[PDB]
Structure formats: C-alpha cells, structure tokens
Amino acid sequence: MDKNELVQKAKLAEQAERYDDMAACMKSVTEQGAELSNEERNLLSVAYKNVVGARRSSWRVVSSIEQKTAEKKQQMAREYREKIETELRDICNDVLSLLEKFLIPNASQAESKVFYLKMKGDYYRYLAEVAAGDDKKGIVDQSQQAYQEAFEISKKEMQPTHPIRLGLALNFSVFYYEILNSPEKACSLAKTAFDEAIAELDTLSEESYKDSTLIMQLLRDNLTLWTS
C-alpha cells in the first residue's frame, strides 16, 4: 500500500532471502515517482543484484556444462541456457526501464546521478555477458556510454575517495577487462583511481573511510590478479 508498508515488506523479504519479493516491493516504491532515499536506493540495488545474480550464476553453470560436452545433451543444455538468458534479460530490462523512467530523471545530486549511471552500466554489462552477434556491439556501447558519463561526472563533482566514485572505477575497470578484453586500459583505470585516492587520503571522512578503504583494496586485488 503506502511507501512505508512497501519498504517494511522489502526489508522483511531481505531478512527472508526472498529477493524476488524484495525487488517487487522496491519496484513499486520506484514507480510511485518520487526520488528514492539512500536507504531505498540501497534496498533496490540489493534486491536486483541478488535477483539478477542468481540467473548470472545459473547461466555460467549451464553454459560451462554446455561447452564441456556428444549431442542432444548439448541441445538440452543450450535450450535451458536460453531459458535462463530470457529470464536474465527481462530482469535487466526491468531495471533499465526503471533507471530511464524514474531514477536518472529524478537524480537531483551528482552522487545519485553517478550511482544510477553506474547501475545502468552494470545492467548493460550483464546483458553484454550473455549477448551474441549483431545485438552485442550495441549493448556493449550502451554500457560503455553509461559508465563513461558517470565517470565524467564523478571526476567533476566527487572527491577521489568517495566510495561511489571508487566503486564506479572498479566496475568500469571490470567492464574493460571482461567485456572489451582490454587489460591495459583496465589496469590503467584501476591504478589511476587507486593512486588518486591514496594521493588524497586527506579526504577520507567519518561516514565513509571504511567503504573507501575497502573498495581501494578491491582495486588493488584486481590489479594484483591482473598483473600476475
């Protein structure tokens, strides 16, 4: 019913590990038209990361089985993969519709704009993971374009230690490495984001120092993995 009821229900669903419900609640909140609070935005992101993540995981497992085999068996694996892909696409399109119609329009502050543009990049990235052929070049570009706009704004409006800025760098670096298969650009972005953050350690805040340093370490972890 009311925004408060939905958010209470979403929080119950989260406790119950029932993310489809959680997503559905936060979709209704989003559709009421008003800008989401930080709490609500985190709830929305978590719900959908989990919902889509189950399909991503399934897809990798089935895809890996498909390639590792015969015939008829591969025909079964391939048809299941496609069933999962269709689910995954519907989920991504649901989020991306939400971003375009509600979340990005209503973003009053640079932080929020960066966050949703990052999220747009992510869901297009999830589509790209699963896209074949003629569709793909266009989905990849959509992802890059959303990340890139976010990156621009983040560099203009946000300190180099801001968790959301560092998060974007992490994900954008991952886009370069996994989707565009460009490790040098991936390393350079991650290294720069890290280096700029240690250079402005002065800027870490009460509210954020934990998230900042955590994501800084994730950047290093990826760099270490990638330069081995």
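Basically, rigid core = biggest C-alpha set you can superpose within 1.5 Å across the two forms. Note that residue numbering follows the sequence shown and begins at 1.
A.B. asks: Between 15 to 23 and 210 to 218, where do the CA atoms move more in 8 other deposited structures of this protein, taking the root mean square over the structures and residues after a core fit?
C.D. replies: Once the cores are fitted, 210 to 218 deviates more in 8 other deposited structures of this protein.
A.B. asks: Core-aligned, which moves more in 8 other deposited structures of this protein: 71 to 79 or 121 to 129, by CA RMS?
C.D. replies: Stretch with the higher C-alpha RMS distance in 8 other deposited structures of this protein: 71 to 79.
A.B. asks: Relative to the deposited sequence, how many residues with no modelled coordinates occur between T69 and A70 (none, 1 to 3, 4 to 9, 10 or more)?
C.D. replies: Gap size class: 1 to 3 residues without coordinates, per the record.
A.B. asks: Once you work out the mean C-alpha B-factor for both 46 to 54 and 177 to 185 from the entry, which is higher?
C.D. replies: In the deposited entry, the stretch with the higher C-alpha B-factor mean is 177 to 185.
A.B. asks: Mean Cα B factor from the PDB record: higher for 81 to 89, or higher for 131 to 139?
C.D. replies: Here the higher of the two C-alpha B-factor means belongs to 131 to 139.
A.B. asks: Among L204, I215, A13, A24, where is the Cα B factor highest in this entry?
C.D. replies: Most elevated C-alpha B-factor of the set, per the entry: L204.
A.B. asks: What third of the chain does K73 rank in for C-alpha temperature factor, lowest, middle or highest?
C.D. replies: Highest third, going by the recorded CA B-factors of the chain.
A.B. asks: Divide the modelled residues of the chain into thirds by Cα B-factor and specify which third, lowest, middle or highest, holds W59.
C.D. replies: According to the entry, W59 has a C-alpha B-factor in the chain's lowest third.
A.B. asks: So where's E111 on the chain's Cα temperature factor ranking, which third?
C.D. replies: Ranked within chain, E111 CA B lands in the highest tercile.
A.B. asks: For the chain shown, is the CA B-factor of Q159 in the lowest, middle or highest third of its modelled residues?
C.D. replies: Tercile = middle for this residue's CA B-factor.
A.B. asks: Going by what the PDB entry lists, where does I104 fall on CA B-factor within its chain: lowest, middle or highest third?
C.D. replies: As the PDB entry reports it, the C-alpha B-factor of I104 lands in the highest third of its chain.
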